[PDB]
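Residue numbers (the deposited numbering): 4 to 125, 127 to 261.
Here a beta-carbon is modelled for each residue, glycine too, at the ideal position from N, C-alpha and C.
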Ligand SMILES: [Zn+2]
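As structure tokens, this is what we get:
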């Protein structure tokens with residue numbers, strides 16, 4: 004099945020998921036000089052005060068911090084979005100070394116990792133229906149660089165030992181995702197896709213310009229996770245990122261001048 008290895012990685016995905024070569028695939032390189040300020044964008048609204056985290060799961064390709072999305076508790080609105088999008092989970096993509104890991108790139112620069120807060124459009129009722137629609141998901145993407153520790157990330161890092169292998173989960177209640185946001189909400193936006201199979205072209209991407217800083221020790225702990233299940237030969241969970249895909253007939257818009 005698909006993964007990030009030599010024999011099942013991103014360059015193979017198109018065989019099972021032909022949309023991999025589609026017209027609005029993600030991630031992309033963000034060329035900062037070509038992105039155009041769009042005065043029509045409305046202010047972005049990240050409302051996470053009532054967020055209810057539940058569980059953290061190693062799914063074999065990342066770890067997901069899952070939220071109660073059975074009501075409007077943690078929602079993304081505004082910006083390029085019409086309507087209300089409910090937070091369902093966040094996860095990261097990261098590298099084997101600090102010089103790679105992000106999916107989006109900025110003027111071809113790769114960051115050490117990239118955080119994805121995944122939200123679905125409530127007008128479609130459930131996540132499974134939303135992913136079948138061109139405006140079904142909104143993902144807030146945030147770059148991670150290595151430097152000072154991110155205090156609001158530490159509760160995540162410290163539970164990783166308990167979900168080392170594929171299929172393991174742990175209770176993860178009362179986690180506040182506001183502690184993972186940078187100061188500025190300046191962003192780039194474009195229409196794209198899931199970056200993992202099934203690669204559905206259902207996402208409005210909102211990628212923040214300002215990275216957050218995490219420490220070397222924090223990202224080292226990401227890299228101790230395993231793609232494999234318990235008892236199986238160890239395959240460190242690293243380089244679980246898809247590279248930049250052709251922009252094709254798309255324009256990246258900036259929220260800032
Ligand atoms: Zn992702």
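- Under the 10 Å beta carbon count, residue 193 is surrounded by 16 or more other beta carbons and is classified as buried.
- For residue 67, the closest alpha carbon among the candidates 221, 99, 174 is that of 174.
- Look at residue 17 here: in three-state DSSP terms it is helix.
- In the structure shown, residue 89 falls within a strand segment according to DSSP collapsed to helix, strand and coil.
- Where residue 220 is concerned, the enclosing alpha helix (DSSP H) starts and stops at 220 to 226.
- Taking a cut-off of 8 Å for Cβ pairs, the segment 223 to 231 and the segment 197 to 207 do not touch, as fewer than three such pairs fall below it.
- The residue among 57, 37, 85, 30 with its C-alpha nearest the C-alpha of residue 255 is 37.
- In this structure residue 146 is in contact with residue 118, their Cβ atoms being roughly 4 Å apart against a cut-off of 8 Å.
- Per DSSP, reduced to three states, the secondary structure at residue 131 is helical.
- For the options 78, 65, 86, the alpha carbon positioned closest to that of residue 50 is the one of 78.
- Residue 220 has its alpha-carbon roughly 7 Å from the corresponding atom of residue 151.
- Distance from the CA of residue 154 to the CA of residue 213, rounded to the nearest whole angstrom, comes to 17 Å.
- In the assembly as shown, residue 215 is a buried residue. Its beta-carbon has 16 or more other beta-carbons within 10 Å.
- Straight across, the Cα-Cα distance linking residue 5 with residue 203 is about 12 Å.
- Counting only unbroken stretches of 3 or more residues, the beta strand (DSSP E) elements lying wholly within the segment 172 to 204 are 173 to 175, 191 to 196, in sequence order.
- Considering only 140, 190, 116, the residue with the shortest C-alpha distance to residue 86 is 140.
- In the structure shown, residue 156 falls within a helical segment according to DSSP collapsed to helix, strand and coil.
- Note: residue 232 is not bridge-paired with any residue in the DSSP secondary-structure output.
- Ranked by Cα distance from residue 98, the options 240, 10, 235 are led by 240.
- In this structure residue 113 touches residue 104 by the C-beta definition: roughly 7 Å separates them, less than 8 Å.
- Not one heavy atom of ligand 1 is found less than 6 Å from the C-beta of residue 122.
- Residue 50 carries a strand assignment under DSSP once its states are collapsed to helix, strand and coil.
- In this chain, the beta strand (DSSP E) harbouring residue 149 covers 141 to 150.
- Setting aside the 5 residues that flank it on each side, residue 217 is surrounded in the same chain by 148, 149, 150, 151, 152, 153, 154, each with a C-beta closer than 8 Å to its C-beta; the list follows chain order.
- Taking the CA atoms as reference points, residue 188 sits about 28 Å from residue 242.
- If you check the C-beta of residue 119 against ligand 1, you find a heavy atom less than 6 Å away.
- Around the beta-carbon of residue 69, 16 or more other beta-carbon atoms lie within 10 Å, marking it buried.
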